[PDB]
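Undergrad: Pasting a structure here, questions to come.
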Amino acid sequence: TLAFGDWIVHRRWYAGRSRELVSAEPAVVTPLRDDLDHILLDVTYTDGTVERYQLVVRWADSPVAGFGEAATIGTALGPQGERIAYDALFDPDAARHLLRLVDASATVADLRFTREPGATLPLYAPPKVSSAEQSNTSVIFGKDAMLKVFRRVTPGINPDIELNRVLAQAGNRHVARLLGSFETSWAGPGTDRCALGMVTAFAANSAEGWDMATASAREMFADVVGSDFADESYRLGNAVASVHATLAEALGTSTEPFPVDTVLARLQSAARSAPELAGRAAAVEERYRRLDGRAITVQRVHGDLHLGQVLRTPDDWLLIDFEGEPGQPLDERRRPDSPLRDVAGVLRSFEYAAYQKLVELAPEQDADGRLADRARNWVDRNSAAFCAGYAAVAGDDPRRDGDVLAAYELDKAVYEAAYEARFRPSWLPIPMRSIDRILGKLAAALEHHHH
Ligand SMILES: [Mg+2]
């Protein structure tokens, strides 16, 4: 008996939003130790919806100073007297215990832990909770591994674990390698699987693609675009194509019609958020409908790819976070899609990395548009480098099917414009400029005028 409800509403990973909870009760309690319980917690709302959260509880007979406020769940009477319940993920000892269960591929009641074959886990390293993790909780062990424990849990195959396992077991070097994972059932033994967490190799001394890109795009008096970041963009193209190739081989390819009705529905929705889109909607729709009946090759893909999802280690680019298109239901997130849509995601990301500078300047600071010109030249150079690097591995330039590529770029820009109109009005000119540019790029490709 803990006041779970009173505690959970204050957590940044809690997704109850503005809603009234009816109850918050443990569906399953699994003892891991005398002073350690694993809890599946069901939160029920007034509409009858239930959301399940994973909690690990460390009990103490006396307050431990090491724990903060958000780690303090509540209190309860136990068999030896009063006890305090803490969030065990903030306990180094408890986190280590979980890692040890993974290492041993332990089974505890309906909890199944598995270590990836041949993997080594850093059981000796100091565990430190990551402040960077927002929606889940990540514990970093020294510089060797990261334990990610899912907060909200849902039934079915987890694509992040799934695709990382495929890539690691195939020996693809462009991932932060999956070392282990754990899961349980949704409604007791014999029912749907429920992913609970994952352990991955930690890429020490790494840089985020977004940070490297923006640093390059901000270099002062860089009117002649540099080859050093073009070199990196090429290598990133190599990496994305290699990941796609491994996924295609393992999980197959198929053909589908280009999804005209899906992207039209997204356009219609977007135009309601951003009135500025109405003036472009007819032209966008024209381009989409020209792809009606166009067969496209699809496969398993990353699904949410941009420069924030790639890490540069001293040796390689890695892709991380394969959970899929955010806001989409699971079955949708495991659907195959065009590799060109992933490529489009990176191209959108280059555009933002370069043009973020401009929206943050006063008009007087670029009156003649020469900084805007440089941004354009920078995006062009690094986009070309990325596609060339992709091509070197894929043996097919993603620009060859230019109409399909440009359509996916357009759909992302339309979606971006609706986001900026609502949440960041001063950023809206970035996707609006892209839309006018891409409409021409797409128009040209449809006529086979692209190189
Ligand atoms: Mg991410």
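Undergrad: Which of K357, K143 comes first, and how do the rest follow, when ranked by fewest Cβ neighbours within 10 Å?
TA: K143, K357
Undergrad: Also, quick follow-up: Could you calculate the contour length gain from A204 to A443, that is, 0.36 nm times the residue separation minus the distance between their Cα atoms, to one decimal place in nm?
TA: This chain segment gains 81.6 nm when fully extended.
Undergrad: According to a simple spin-label model (label point 7 Å from Cα along Cα-to-Cβ), what is the distance in nm between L330 and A3?
TA: Going by the 7 Å Cα→Cβ label model, 3.3 nm.
Undergrad: Tell me, in nm to one decimal, what length is gained between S62 and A282 on full extension, where the rule is 0.36 nm per residue of separation less the Cα-Cα distance?
TA: Taking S62 through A282 to full extension adds about 72.5 nm, to one decimal.
Undergrad: I would also like to ask the following. Which one of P155, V284, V359 has its Cα pushed farthest toward the positive end of the charge dipole of the chain, where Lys and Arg give +1 and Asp and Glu give -1 at the Cβ?
TA: After comparing all options, I get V284.
Undergrad: Select from the chain the helices, each a whole stretch of DSSP H, whose alpha-carbon atoms run 27 Å or more along the helix axis and whose Kyte-Doolittle mean is at least -1.0; answer none if there are none.
TA: 227-251, 339-359, 370-394, 402-423
Undergrad: Follow-up question, since we're still on this one. When the chain is fully extended, how far beyond the present Cα-Cα distance does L361 get from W13, taking 0.36 nm per residue of separation?
TA: 121.9 nm
Undergrad: Compute, for segment 1-203, the length of the dipole vector about the Cα centre, with Cβ point charges of +1 (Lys, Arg) and -1 (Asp, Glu) only. Units Debye, rounded to 20.
TA: Dipole about the Cα centre, nearest 20: 760 debye.
Undergrad: Would you calculate the separation in nanometres between label points at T154 and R193, each defined as 7 Å from the Cα along the Cα-to-beta-carbon direction?
TA: 1.7
Undergrad: Grab the beta carbon distance between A372 and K143, set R0 = 45 Å, and tell me the FRET efficiency rounded to 0.05.
TA: 0.65
Undergrad: Pop a pseudo-label 7 angstrom from the Cα along the beta-carbon direction at both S135 and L251 and give the gap in nm to one decimal.
TA: 1.7
Undergrad: Could you check what % of the DSSP bridge pairs in the chain are antiparallel, to the nearest 5?
TA: Around 95 percent antiparallel, to the nearest 5.
Undergrad: While we're looking at this one, here's another question. Which longest run of the chain has no exposed loop site in it, a site being chymotrypsin sites (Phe, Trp or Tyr not before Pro) in a DSSP loop with at most 12 other beta carbons within 10 Å, and the site itself not part of the run?
TA: Segment 222-451 is the longest.
Undergrad: Shifting gears a bit: Can you tally the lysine pairs in the chain where the Cα-Cα distance is under 28 Å and the two residues are eight or more apart, or on different chains?
TA: Number of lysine pairs found: 5.
Undergrad: Here's something else I'd like to know. With a cut-off of at most 12 other beta carbons within 10 Å, and DSSP calling the residue loop, which GluC sites (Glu not before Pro) in segment 63-143 qualify? Please list them.
TA: Of the GluC sites (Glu not before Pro), the ones in loops of segment 63-143 whose Cβ has at most 12 other Cβ atoms within 10 Å are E69.
Undergrad: Can you compute the FRET efficiency between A27 and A76 using 1/(1 + (r/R0)^6), with r the Cβ-Cβ distance and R0 = 22 Å? Round to the nearest 0.05.
TA: 0.80
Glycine also receives a Cβ, built like all others from the backbone with ideal geometry; neighbour counts cover every protein chain displayed. Any read-out appearing in this document is the output of simple, stated calculations on the displayed coordinates, not a laboratory observation.
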